[PDB]
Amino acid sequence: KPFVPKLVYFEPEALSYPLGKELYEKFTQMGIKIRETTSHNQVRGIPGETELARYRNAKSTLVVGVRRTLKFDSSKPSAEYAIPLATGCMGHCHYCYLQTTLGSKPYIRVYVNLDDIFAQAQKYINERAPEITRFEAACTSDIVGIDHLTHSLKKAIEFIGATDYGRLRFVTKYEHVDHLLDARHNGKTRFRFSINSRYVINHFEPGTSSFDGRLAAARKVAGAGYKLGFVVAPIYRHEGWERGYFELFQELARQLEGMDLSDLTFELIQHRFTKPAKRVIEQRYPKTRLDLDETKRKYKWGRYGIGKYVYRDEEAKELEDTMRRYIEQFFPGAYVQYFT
């Protein structure tokens, strides 16, 4: 509030780049504990005698390295590609799908070689032109919540803004967006916020900004000319979810009244979890009310990795149909991009 790490690791090669040099100067000036690491994917000595201790301390650790995997992963249905600017998050959302993602790390990572990253992004744009290529920047992190430290997202926003056939988008649970308001986005960036019922936010989303904070930031970015959108996720069938989500869209409409919502977008994602979710989540959040009963769910099999549990077809349709009714009631002319 806003996030500042208690421990910072640096790859030695990171210091050769402008951002790495700038961060090293910043954190040494702040007197924060700094260590060295050979690879950002192999960080040693994070404090903690228990797994819970190491996990929580990792969430307060920043790692500064060089992106060496310049192949961009797909990020459908959100966008064509995931632009790799950062990985990990300081939040403690109980359901966070990044916890059980293959090769995920609990600590926060930022990449310094932005020239290489944007150059590769331009290559992908060139390969598909004159078709539009969309980039997701918050696929494996909360890029916005981290950005006050680096301004990497601001540079990405202004890079994409200068292109002809490139578009950027990202979604956040944080309100610390003041530095991005004067960015030359040029109408080519979709600034989104994750929203949910009061039940889900209060019980499952600690370490994030409040709903009022997210909406205050939503008004700022909209007022600064960004395309605005919302991601209703995870859509979770808690006790009283029907009324819970009704009141979400009602309150959302009240907090956005007066604004032009002609180009407003919605994305709907039902709660999913993997087979290793139960063991990991209960270890890290032992007092959680999160229901991970797999016998009530439908399993979707993985392609190259493992799959995940989602709600049964009839429950899923019921969620989709109900959410679509509320959006049409409170936001007519807003576009629902997908339900998954």
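Throughout, we count residues from 1 along the sequence that is shown.
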>> Comparing average C-alpha B factors as deposited, tell me which of 250-258 and 207-215 sits higher.
In response: 250-258
>> I need to verify one thing: averaged over C-alpha atoms only, is the B-factor higher for 169-177 or for 122-130?
In response: 122-130
> Ranked by Cα temperature factor within the chain, is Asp263 in the lowest third, the middle third or the highest third?
Replying inline: highest
>> Quick check for you: using the entry's CA B-factors within this chain, is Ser197 in the lowest, middle or highest third?
In response: lowest
> Against its chain's modelled residues, does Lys71's Cα B factor rank lowest, middle or highest third?
Replying inline: highest
> If you rank every modelled residue in this chain by C-alpha B factor, which third holds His271: lowest, middle or highest?
Replying inline: lowest
